[PDB]
Ligand SMILES: Nc1nc2c(ncn2[C@@H]2O[C@H](COP(=O)(O)OP(=O)(O)O)[C@@H](O)[C@H]2O)c(=O)[nH]1
Ligand SMILES: Nc1nc2c(ncn2[C@@H]2O[C@H](COP(=O)(O)OP(=O)(O)O)[C@@H](O)[C@H]2O)c(=O)[nH]1
């Protein structure tokens with residue numbers, strides 16, 4: 001079972017920490033770059049190509065910093081299109097990005113111009129799961145208000161983001177990534193990762209491992225790839 | 001007693017909250033708001049920078065700040081050049097609070113570009129905004145990483161006493177109500193030395209340490225501007 005997961009976000013949002021917490025243990029100029037690392041998990045076979053975006057914030061300039069992401073995604077769509085167009089399609093590789101994790105910087109306030117510009121330009125090319133990075137920065141009052149402010153700005157700009165009722169209620173997911181003994185040690189308290197009262201991490205962790213990836217795999221193949229196919233052949 | 005304090009930083013770093021905690025109760029473009037405090041007279045013009053992050057583009061987003069600071073230097077220069085200098089106003093920015101986004105890692109290209117371009121025009125106090133985001137281990141490592149990158153790029157931050165130099169740059173948390181922030185696991189106190197460097201910053205202003213900042217701006221920053229604009 002192969003799966004391609006992309007992570008896009010400003011540097012220092014706990015992106016790499018989240019990956020290490022989702023899957024146990026550890027793992028510039030001129031911008032922007034597109035890199036990938038593969039992870040094999042055995043128990044059951046799991047091929048996991050993780051697409052990093054060594055941009056991205058990050059900061060000045062940032063003009064068309066979404067483009068290298070767009071180029072990579074459409075490149076893999078082009079590869080799949082040319083693969084099934086050949087007379088001898090036998091051993092076909094599938095390197096299309098099934099899922100994309102976008103890390104929104106708190107706070108907050110609303111979505112920053114960069115968050116709007118990326119999501120509005122990538123929502124029809126990849127499955128986007130918006131995440132409030134470093135969720136332990138926000139109080140329960142702020143976290144709730146930040147979610148509603150994001151969701152209203154998503155609807156306003158016509159952005160199409162990707163037990164089911166519990167998922168829609170807590171969108172976008174506020175997440176905290178951590179290691180050791182599991183959470184983060186502050187001199188006043190400890191923020192637990194596997195807690196529902198603390199994080200939406202368990203909601204995200206469940207949304208991947210127990211083969212919800214297959215749903216993401218189907219949407220990418222049936223919607224995102226097919227829209228690319230219809231566009232590049234008509235004109 | 002008049003004082004001009006500037007605050008520069010990316011939106012959503014708790015800048016406004018810090019001002020409200022430094023001075024009690026509630027409160028690219030360049031805007032300013034005046035605050036009068038009575039007990040002792042305190043005229044406080046707070047220069048906001050409604051930029052700034054924030055994001056794309058950001059090219060020359062430091063320029064409107066530079067333009068404002070040099071404009072006030074120009075006003076002071078033309079004031080003391082006139083034959084009848086009687087009631088002279090002093091609107092020069094005595095201090096600037098720059099909010100560094102955690103984390104961290106090091107300083108972002110924007111943090112470098114601003115500080116290296118404003119350190120000789122204004123007194124810069126670097127601050128690690130929203131300090132409750134970092135653990136004591138991360139907070140200590142983030143400080144050292146910043147200070148080494150300050151020295152590497154030849155940035156001259158306001159360096160004034162031993163307790164102040166030890167904790168540079170100051171990691172601060174701004175809050176209100178009953179004083180700190182309410183998390184479902186713990187509470188981060190503002191007036192605590194174990195938690196914040198807020199008390200170090202609060203003390204560095206209220207008890208007339210502002211007069212030192214006022215002297216450095218007048219004797220160094222303004223005089224360097226004066227020597228530059230007249231020699232050429
Ligand atoms: N407050 C907070 N800090 C975090 C979180 N995750 C990671 N960090 C810390 O942030 C720093 C940078 O994390 P990193 O994963 O490298 O960020 P990235 O470069 O965007 O992937 C590290 O010192 C982490 O300990 C989080 O969920 N909340
Ligand atoms: N974690 C944390 N949050 C803060 C802090 N200061 C303010 N906030 C929160 O961040 C949000 C934005 O703060 P604000 O002062 O408007 O940021 P500004 O735009 O940079 O001035 C508010 O909801 C505050 O409750 C802080 O020191 N730490």
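Start at 1 and count along the chain as shown; that gives each residue its number.
Technique stated in the header: X-ray crystallography, 3.3 Å.
Including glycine, each Cβ sits where the backbone N, Cα and C put it.
As recorded in Swiss-Prot, the features of this protein are as follows:
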{"type": "REGION", "residues": "A:9-16", "note": "region 'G1 motif'"}
{"type": "BINDING", "residues": "A:9-16, A:31, A:55, A:134-142, A:177, A:184", "note": "GTP binding site"}
{"type": "REGION", "residues": "A:52-55", "note": "region 'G3 motif'"}
{"type": "REGION", "residues": "A:133-136", "note": "region 'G4 motif'"}
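Shown on the structure are the features that Swiss-Prot records.
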residue: A:9; record: GTP binding site; DSSP (3 states): strand
residue: A:15; record: GTP binding site; DSSP (3 states): helix
residue: A:55; record: GTP binding site; DSSP (3 states): coil
residue: A:136; record: GTP binding site; DSSP (3 states): helix
residue: A:142; record: GTP binding site; DSSP (3 states): helix
Study note, to complete from the structure: Cβ neighbour count within 10 Å, max among the binding-site residues A:136, A:142, goes to A:136
Practice item. Taking Cβ distances under 8 Å as the criterion, give the subset of the binding-site residues A:9, A:55, A:136 near chain B, ordered by sequence. Key: A:136
Check your understanding: Relative to ligand 2, which of the binding-site residues A:12, A:15, A:136, A:142 have a Cβ found under 6 Å from one of its atoms?
Key -> A:142
Point to revise | Deposited-model gap closure distance - 8 residues unmodelled, Cα of residue A:181 to Cα of residue A:182, Å | key: 5
Exercise for review: Would you mind checking how many other C-beta atoms are within 10 angstroms of the C-beta on residue A:55 (GTP binding site)?
Suggested key: 20
Revision key, fill the gap. Candidates A:15, A:55, A:136, A:139, A:142 (binding-site residues) with CB under 6 Å from ligand 1, in sequence order, are A:15, A:136
Check your understanding: Given 12 unmodelled residues, what's the whole-number Å distance between the CA of residue A:162 and the CA of residue A:163?
Key -> 16
Point to revise | Cβ-Cβ neighbours of residue A:139 (GTP binding site) (radius 10 Å) | key: 15
